[PDB]
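Listed below, chain by chain, are the residues.
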Amino acid sequence: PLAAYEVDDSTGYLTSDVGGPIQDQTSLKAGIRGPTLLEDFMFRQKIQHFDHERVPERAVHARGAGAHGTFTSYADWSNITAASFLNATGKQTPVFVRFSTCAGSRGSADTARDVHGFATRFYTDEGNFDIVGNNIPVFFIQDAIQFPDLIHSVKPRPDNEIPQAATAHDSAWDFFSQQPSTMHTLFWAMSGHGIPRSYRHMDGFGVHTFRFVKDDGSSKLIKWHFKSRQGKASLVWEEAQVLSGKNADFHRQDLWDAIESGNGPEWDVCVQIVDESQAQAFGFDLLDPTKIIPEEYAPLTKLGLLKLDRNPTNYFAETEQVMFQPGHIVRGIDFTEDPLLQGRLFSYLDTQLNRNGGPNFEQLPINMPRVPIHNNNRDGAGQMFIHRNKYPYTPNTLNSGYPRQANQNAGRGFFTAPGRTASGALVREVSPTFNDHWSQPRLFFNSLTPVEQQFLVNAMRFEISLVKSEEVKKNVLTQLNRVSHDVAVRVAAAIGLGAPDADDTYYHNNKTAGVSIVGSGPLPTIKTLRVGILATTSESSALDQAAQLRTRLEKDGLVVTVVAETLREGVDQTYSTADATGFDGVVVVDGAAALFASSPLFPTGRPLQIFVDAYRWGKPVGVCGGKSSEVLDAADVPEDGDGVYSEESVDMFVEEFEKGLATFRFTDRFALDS
Amino acid sequence: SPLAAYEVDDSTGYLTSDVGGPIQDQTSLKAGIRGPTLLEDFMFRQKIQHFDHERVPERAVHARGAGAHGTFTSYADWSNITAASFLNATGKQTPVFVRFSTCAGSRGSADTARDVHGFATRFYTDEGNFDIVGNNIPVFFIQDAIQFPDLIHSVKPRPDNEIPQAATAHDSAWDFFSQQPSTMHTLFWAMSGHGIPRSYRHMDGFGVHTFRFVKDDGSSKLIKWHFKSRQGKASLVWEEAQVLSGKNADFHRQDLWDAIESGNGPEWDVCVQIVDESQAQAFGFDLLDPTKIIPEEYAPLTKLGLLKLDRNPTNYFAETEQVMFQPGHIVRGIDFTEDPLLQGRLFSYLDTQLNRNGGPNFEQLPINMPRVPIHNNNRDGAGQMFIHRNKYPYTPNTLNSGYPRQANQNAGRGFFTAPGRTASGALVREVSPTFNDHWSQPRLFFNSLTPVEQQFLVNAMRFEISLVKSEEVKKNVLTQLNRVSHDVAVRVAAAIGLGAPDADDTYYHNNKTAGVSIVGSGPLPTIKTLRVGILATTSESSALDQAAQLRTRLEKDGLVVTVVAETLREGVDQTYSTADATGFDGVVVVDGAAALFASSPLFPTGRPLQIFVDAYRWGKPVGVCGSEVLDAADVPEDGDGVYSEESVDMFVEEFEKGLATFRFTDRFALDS
Amino acid sequence: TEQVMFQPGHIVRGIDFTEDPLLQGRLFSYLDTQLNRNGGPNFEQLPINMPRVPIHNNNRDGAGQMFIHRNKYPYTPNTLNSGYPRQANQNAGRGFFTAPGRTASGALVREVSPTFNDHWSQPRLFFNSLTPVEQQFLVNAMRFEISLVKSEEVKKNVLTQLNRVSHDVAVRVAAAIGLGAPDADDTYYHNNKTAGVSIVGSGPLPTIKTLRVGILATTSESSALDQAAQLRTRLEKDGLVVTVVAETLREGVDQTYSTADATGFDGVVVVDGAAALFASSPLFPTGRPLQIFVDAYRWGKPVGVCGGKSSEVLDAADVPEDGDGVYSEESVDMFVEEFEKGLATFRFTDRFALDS
Ligand code: HEM
Ligand code: HEM
Ligand SMILES: [Ca+2]
Ligand SMILES: [Ca+2]
Ligand SMILES: [Ca+2]
């Protein structure tokens, strides 16, 4: 894919960057115990490179991971868009996708509670087209000019730089409560969408309304929705926290492993399509990025399949250096007057100068298009091209008038949708059509299941309880109360304040499909899900049981880890390094029961803690072999429990257990406010 | 002070651009109320351009870190051993800035990663800035600076997928260690409690290299810097460090910030070991070799002065992120040695600052400025903040009357290279054979730890090496560990189901040395700032009363008290939902709360009990104030560091003893 | 000087932009380009770029950040910093505001307004407003530059465009380059003139202070040095910058003939004690003293001989004694009074050939 740029070092002698064979292990010194010499160019070339390895992290979405893939169109979409990549059934275009958290620095944990990025580049035969989206369909703010306010508030306090990758501090909730537009995204982030099970188990959204533009000039309004084929799934908060410490790399490792095992994740790339006349028809403004179109109003149209199936060769060169822009647009697509989108168009082109340190960032391999470039851009630091045209100006006769101007009528040029207009005063004023900040947050809340609603309440209780300012806490209750009195009461109970009186201006009872995680039913596939088998080296029959279970589980593409006191043939991991956050279900072989009812080889009570944690976090758990009561009694897990299994037959154990893995979470183990 | 002049106050006033024009910054300028944004909106672009360019490259190593201001005070006139001005008078005060850090992780990684730690001190002296750029471990992994990128690439994440963050627990790191045996000494330190210190305040600082002290008369002696903590030595246990990394990635920087805010700024005695030049090879190793310590039994510590950190930064980015240390920031009275690791460092720091700052004028940032006049002919460069009056910036000149004047051993208090230093021999890329013993001092170190400490170290190695996928690498690791201690190799081999190689006694010995053991260093000299979690309940007026009684007592003794209950209210600090045992150094359950330890929508199932049990398993002082609680938690009433008293005052007294002991190590199983 | 970074975006309350598409795009360029020059986003902190009033905003960090900001809540809206900094606009805080009568209406277009389409009438207005000799200089600059263009097609295309401004210009230029001018095309021709664009027509200079007078003298005659000293005193009294030139330096001589050139002076005076130099030396190139005088005359400057004896110098130079801007007096006083009128006139344009 980027084969032309690969460098192989599987053989050969060390050389400088200019091909001179050298060594790099000992400095040149004036005598054997002498000082190092300035003339040692071997030393200086190697250390200079090392000294300059780092580049600025992205201003947001610093922490993330990418993979290569293919997009395949399901149809000829010419009848709605001139976009070349969508112009034929089965047409394939290479892609690169990067997923990320949003607030944390490089090296912060994947399983922070946060908005997540989902950025996709299509290397089309008419230019690179990027859709730079999030896993949440609405954004916090209604005007790009407010982005630094939002980001400053969410990022660590700037005196001490605390806390990392978290909204759980005063400044964030101060902003949220003073800028009520934030409520909708806030509710999404406080739901299980803020803590996805993996990048493969979340959807991607363009957020903004864009336009599809036909060759004839007619346009329609669209929203992009990348719908996961793996299904939707979340962690529970108290698992996400432990996982942040046990495996900061959880999401990037999950993605990397799925691709390597031939389970590359897939999404249906979809749009909602509506007429230009419907911009204000749905009870809100399609220019407002804090609003969704309910699927009951406009159904999803599937355009094609996105599949990620190839990991990068060098993370820095590919994932770190990929530079996405919403301004990377192609003929057939256009912008709308969404004031958040409008300002983004400026930001991405500008910020890449910061990251790259020079203007030629489009020439980096990962950023290059797959079709020829013909323009009069020249020079600049890091210029890799050697341009033959010595008359790089338009209009010219001395290069026969090339390159020629491309537009609607010639050379397949980009063109602005010709029906677009502007009218009015030049103003710094918010449209009153943007003013309802609360009805959609309530629509979202109403659409979650009872346990889902409790989890959202509990996320808010956790975070707001860490806000020191009594005034900020009260202000937060004021805003929450406008979305839902019941939310405000339940949150207030945790923080020892009174909720204010119900204000029903924005309350309503409407619901919408497709936003609940709990309500989206069992997972459509269990391939890649992780089963930890707790066993012991003290009983050769426990290992026999573990081996039989492994064979039967791996047959169905589950990723199996056998855990014992020490490593040996057939054991993957020791108890010392094992944790419940490492598994989607946990099985104990009854031969190992004694470990459950002290060792220098693992912390006290570790084998039982793995089982108890997994149970408490809602995972399918069980004992295989017939003798289950010693384990279940020690764990205080009821044998009759939903998602608790006990069979002597390995085949029968696995059949039941696999149903539990697809259910994924057993939500009856979590208490509800009365 | 350069920082006072550049402080910007925004507590009043209307918003302005960077050029002082009053503006707004909340709505974009548009062609009509639902129209597109205008290119002519300079308010928008100036604000967004700034935001777009806020980030700068992180440090190549020590990216995760935090800083504080303070003072250094000399104990004596040290002219008898050094010309250094900041050391030339009893009571002489010099401002300092210190930055502490982990070493391998990127700038958002957890404080409580297992790692070497940075301890970099700048003394803004009256003869120039002097930096001691040290670590919390006295020896380094490698013997030549040219190997640094090899070490660092191996320990940092694998470069195809950038996994794992802030961890040596992967194949490449152990491959490097097992192929480059000089690493063993530092590896042993990193695998001990020194890899997971309880806080920046509870670790020491070392200059690592041998340096020189140079007197005005030109004579020199060899020195090692040792900053000795007045807070005592303390570590986490590994399982606790893991949970902490998720619950509070900011634990160490918060611990430091808080200690300073409460008037408990941390202190170190700044010390040196001082030996004669003739002793460079007298101790059974080469003092140019940065993998060796001088045992304290061979050269005792001399206390030069007090280092105290007592003011937090105003802006983290401007001060902590932008501070740029250099071992080349040296002052008259100090010199380098021919340590090949030190030698190459001198080049690296000056060069790397170009990457971070993006221009050559990084010494003009307020945090990097000196507190004395600058007179030189350095000019221009991006970001030039001075307006130089001298229009003849060359030497020799007559047109500026020969100024600036040359400074040297005999003019203007100039820096001078120790005049006794020589070099002789071939120009070679060869390692001195005096550097070849990579295994005796790792053994010395291991011998000097207590039995439970040695077990913790074996268990750290068992943890990490079990995660290495390559059988070849694991075998090579056992080969090197075996040269240090056959017992260590046997015990770690046990966990990974390989057989250890046969004993090879070449480097074995039974020697020990003082001052390297954490557990063996006795109870903490102070318990001020240590954290007590009181587990209570809102359902009992008596429980809240009991909590409050304890609070007034413990707080008067300097302890930081957190009362935990189901919900916040008067006198309750944290909810059970946000509480964790990693948040405390000791845990107390009040009697009236006994019921919680037997379901609630206000916290996860079993949370109250879990905090108590985690605290006990991690060795902390735990207690009940007011038997069933100790029963539910399976905690022995007669256990060392388990407290049970009806008497408030009696409990606080016993418990405060427990906080000093800090860890009750009898709770951890040992190989036998 | 090198670090000053100007921007038309540096605007203040009371001024606003217009929809000139050239101006509109400049607003982007200057902010962006300073990143290239400065290498970092904090270029407004360079001393030459700093304002002379307080700065209150939430811009933060960036390479080279010189400020230490005390406000730890740099976001709007906030309560934790009491809502400061406050928003400034037309009604509060003397904020910048866009002229409120400004509007836009129409399609979003990449099209040129047809009102921009006349490219030729104003060039012709400008040309008409210059004096005859001025028009000759302009034709001569065009003849000079276009003659160096190698492509015959480009030269042809240039005459096509010039011909639309003025058939006469195209003809006169065409003559120098051996091509024929296109036939007259009078769409944009006219006879209108405008005030204030002509240099030659702007009358004599309002001041001669700082103008440069080179006095050519000799060390071979003590009398020449004396004349040069007296002239110097009389000229310096009026704020003129005087350079005395001779073969070698000594007290009262500023420059050698070797370094001197007519381009260094606004007027040139030979002292008659130095007349023999104007008829070889290892101390300057052959013919240098005379060449300074002749160049000065050819380039239209006031030139003269002071002392009373002028024919030897003037004849050697081929300069007519009665030409305008040519002076000859014995009296230093009378000489300077006449010469100073010539310095205000500045250029004697009757010395330049015109096309017929
Ligand atoms: C709809 C709301 C938004 C979404 C879904 C969004 C999405 C993203 C994503 C996914 C990335 C990381 C791309 C990658 O993986 O490299 C990103 C980076 C960035 N975003 Fe946006 N963003 C939004 C709003 C904004 C706004 C309003 C601004 C500023 C006006 C902005 C400025 C940036 C900057 C400076 C970066 C770093 C870009 C780079 O270094 O390449 N974002 N955003
Ligand atoms: C004795 C062994 C060493 C110790 C104790 C040491 C200590 C440190 C410390 C404490 C910092 C961070 C200072 C801060 O807080 O900003 C640092 C940064 C750095 N070190 Fe060293 N180091 C050692 C060896 C080396 C070697 C051999 C090289 C390369 C030849 C090196 C290159 C760097 C670089 C490039 C940085 C980032 C510096 C900056 O960005 O300002 N280190 N090291
Ligand atoms: Ca805060
Ligand atoms: Ca740069
Ligand atoms: Ca590796």
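Residues numbered from 1 in each chain as written, not as in the entry; some residues may be left out. Chains lettered and ligands numbered in written order. Part of a larger assembly, values for the part shown. Heavy atoms only, no water.

Method of determination, as annotated in the archive: X-ray crystallography, at 1.90 Å resolution.

1. Considerations on the pattern of salt bridges
Evaluated as defined, the whole model comprises 102 salt bridges over all chains. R55 of chain B is the partner of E54 of chain B in a salt bridge, and the nearest nitrogen-oxygen pair spans 3.0 Å. The two residues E54 of chain B and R55 of chain B agree in class, both being buried. When the shortest N-O distance is used, the salt bridge between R232 of chain C and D254 of chain C registers 2.5 Å. Taken together, the positions of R232 of chain C in helix α6 (residues 222-236) and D254 of chain C in the loop between β4 (241-246) and β5 (255-256) put the pair 22 residues apart, joining distant regions of the chain. Here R232 of chain C falls in the buried class, since its relative accessible area comes to 15%. Look at the salt bridges and you will find they share partners, linking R58, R106, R252 and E320 of chain A together with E58 and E162 of chain B into a network. (Salt bridge = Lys/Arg side-chain N within 4 Å of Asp/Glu carboxyl O. Buried < 20%, exposed > 50% of the residue type's maximum accessible area, 1.4 Å probe, protein only. Helix = DSSP H or I, 4+ residues; strand = E, 2+ residues; numbered from the N terminus.)

2. A look at the sheet that holds strand β8 (residues 326-329) of chain C
All names here are of chain C. One open sheet holds the six strands; their spatial order is β5-β4-β3-β6-β7-β8, and the pairing between them is parallel. Only two strands of the sheet have a single neighbouring strand rather than two, namely β5 and β8. In terms of strand pairing, β4 meets β5 through two bridges, oriented parallel. Residue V245 lies in a different strand from β5, and its bridge partner there is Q255. (Pairing = 2+ DSSP bridges.)

3. Here we look at the site of ligand 1
Around ligand 1, a shell composed of 25 residues is seen, among which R58, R98, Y348, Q352 and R355 of chain A lie nearest. Looking at what sits near ligand 1, you find residues from chains A and B. Here an oxygen atom of ligand 1 sits 2.6 Å away from a polar atom, N or O, in the side chain of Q352 of chain A. Measuring from an oxygen atom of ligand 1, one finds a side-chain N or O atom of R355 of chain A at 2.5 Å. Put simply, the parts of the chain that give the shell around ligand 1 at least two residues each are β4 (116-124), β5 (127-134) and α8 (339-356) of chain A. In terms of residue count, α8 of chain A provides more of the shell around ligand 1 than any other element does, seven residues in total. Classifying every residue of the shell around ligand 1 by side-chain character gives twelve nonpolar, eight polar and five charged. (Near = heavy atom within 4 Å. Polar contact = N/O pair within 3.5 Å; in protein donor to acceptor, adjacent residues only side chain to side chain. Nonpolar A, V, L, I, M, F, W, Y, C, P; charged D, E, K, R; others polar.)

4. Here we look at the packing of helix α2 (residues 147-154) of chain A against helix α2 (residues 42-52) of chain B
Taken N-terminus to C-terminus, the directions of α2 of chain A and α2 of chain B make an angle of 35 degrees; their axes are 10 Å apart at the nearest point. For the pair formed by α2 of chain A and α2 of chain B, the contact residues are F147, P148, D149, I151 and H152 of chain A on the first element and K47, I48 and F51 of chain B on the second. Here the contact of α2 of chain A with α2 of chain B is composed, by residue class, of five nonpolar, one polar and two charged. (Axes fitted to C-alpha atoms, helices over the stretch in contact; angles between N-to-C directions. Contact = heavy atoms within 4.5 Å.)

5. With respect to the environment of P340 of chain B
On the secondary structure map, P340 of chain B appears in helix α9 (residues 340-357). For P340 of chain B, a relative accessible area of 6% gives the class buried. Sequence separation between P340 of chain B and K292 of chain B is 48 residues; the distance between their C-alpha atoms is 13 Å. In this structure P340 of chain B touches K29 of chain A together with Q143, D144, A145, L288 and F435 of chain B, once residues within four positions along its chain are discounted.

6. Notes on unusual backbone geometry
Note that the residue after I162 of chain A, namely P163 of chain A, is joined by a cis bond; omega there is 0 degrees. Position of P163 of chain A among the secondary structure elements: in the loop between α2 and α3 (170-178). Put simply, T76 of chain C and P77 of chain C share a cis peptide bond, and its omega is 0 degrees. Tracing the backbone through its elements, the reader meets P77 of chain C in the loop between β1 (68-69) and β2 (103-107).

7. Some details on the interface of chain A and chain B
Listed as interface residues are 128 residues of chain A and, on the opposing side, 127 residues of chain B. For the chain A and chain B pair, buried surface summed over both sides reaches about 10900 Å², with 54% attributable to carbon and sulfur atoms. Per-residue buried area on chain A facing chain B is highest for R33, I145 and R428 of chain A; these three make up 8% of the total on that side. Where chain A meets chain B, there are twelve salt bridges. The salt bridge partner of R106 of chain A is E58 of chain B, with a shortest N-O separation of 3.0 Å. Our enumeration of links across chain A and chain B arrives at 61 residue pairs in polar contact. Looking at the side of chain A that touches chain B element by element, the count peaks at nine residues for α8 of chain A. By the bridge criterion, two bridges tie strand β1 (residues 29-30) of chain A to strand β13 (residues 427-428) of chain B in an arrangement that is antiparallel. Bridge pairing in β13 of chain B places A30 of chain A opposite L427 of chain B. (Buried area = accessible area lost by both parts, 1.4 Å probe.)

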